[PDB]
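Colleague: The structure follows.
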Amino acid sequence: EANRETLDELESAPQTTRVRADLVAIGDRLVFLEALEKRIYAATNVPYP
Amino acid sequence: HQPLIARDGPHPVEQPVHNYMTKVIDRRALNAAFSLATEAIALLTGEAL
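Heads up: the protein sequence lines correspond to chains H and I, in order. Mapping to the authors' numbering: the first sequence position 46 is 390, numbers consecutive. Mapping to the authors' numbering: the second sequence position 6 is 105, numbers consecutive.
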């Protein structure tokens with residue numbers, strides 16, 4: 345068989361929650377548009393990389 | 100309470116932090132003046148009646 349059922353493909357989809365995140369359409373592709381320094385890097389001293 | 104984000108070496112290892120302030124109350128007052136008059140006192144008193 346030239347094209348097998350791929351072992352990497354035989355897993356069932358994980359359970360999924362409904363998460364709030366921005367999704368922007370740039371060109372033809374969806375993208376999470378994300379700026380972390382609120383969730384993370386806030387009120388700690390670690391600089392925003 | 101301030102959070103942590105665990106970094107890697109060679110960055111020093113930070114610890115949880117806690118902040119306690121206690122503010123002192125600041126106090127003030129207000130003023131208003133009601134002043135009466137003399138012949139007005141005699142009336143209400145019932146005198147001149």
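Note that CB positions come from ideal geometry on N, CA and C, so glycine has one too.
According to DSSP, is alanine 139/I helix, strand or coil?
Modeller: Working through the second sequence from its first residue, we reach residue 139/I at position 40. In this structure, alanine 139/I counts as helix in the three-state DSSP scheme.
Colleague: Tell me whether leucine 377/H sits in a helix, a strand or coil according to DSSP, three-state version.
Modeller: Residue 377/H sits at position 33 when you count from the first residue of the first sequence. In the structure shown, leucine 377/H sits in coil (DSSP, three-state: anything other than H, G, I, E or B).
Colleague: Pick helix, strand or coil for residue 329/H, following the three-state DSSP scheme.
Modeller: Absent from the structure is residue 329/H, since the part of chain H shown begins at 345 and ends at 393.
Colleague: Just checking: is the beta-carbon of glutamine 101/I within a distance shorter than 8 Å of some beta-carbon in chain H?
Modeller: Reading the second sequence from its first residue, position 2 is the one you call residue 101/I. Yes, its Cβ sits closer than 8 Å to a Cβ of chain H.
Colleague: Find the residues of chain H that neighbour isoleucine 124/I, judging by a C-beta separation of less than 8 Å, and give them in chain order.
Modeller: Here residue 124/I corresponds to residue number 25 of the second sequence, with the count starting at 1. Neighbours of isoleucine 124/I on chain H: none; closest Cβ ~27 Å, over 8 Å.
Colleague: I need the straight-line Cα distance from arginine 373/H to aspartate 366/H, nearest angstrom please.
Modeller: The residue you call residue 373/H lines up with position 29 of the first sequence. The residue you call residue 366/H lines up with position 22 of the first sequence. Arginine 373/H and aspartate 366/H: Cα-Cα distance of roughly 13 Å.
Colleague: Contact check, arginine 106/I vs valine 375/H under 8 Å by CB: the rounded distance?
Modeller: The residue given as residue 106/I occupies position 7 in the second sequence. The residue given as residue 375/H occupies position 31 in the first sequence. With 8 Å as the limit, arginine 106/I and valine 375/H do not qualify as a contact, their Cβ atoms being about 27 Å apart.
Colleague: With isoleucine 370/H as the anchor, note down where its beta strand (DSSP E) starts and where it stops.
Modeller: One-based indexing of the first sequence puts residue 370/H at position 26. 367-370 is the span of the beta strand (DSSP E), which, as asked, contains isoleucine 370/H.
Colleague: Assuming contact is defined by CB atoms lying nearer than 8 Å, are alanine 387/H and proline 102/I in contact in what I supplied?
Modeller: Position 43 of the first sequence, counted from the start, is the residue given in the question as residue 387/H. Position 3 of the second sequence, counted from the start, is the residue given in the question as residue 102/I. Yes. Within cutoff.
Colleague: Counting only the same chain and skipping the five closest in sequence on each side, list residues whose C-beta sits under 6 Å from that of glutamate 381/H.
Modeller: Working through the first sequence from its first residue, we reach residue 381/H at position 37. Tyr392, listed in sequence order.
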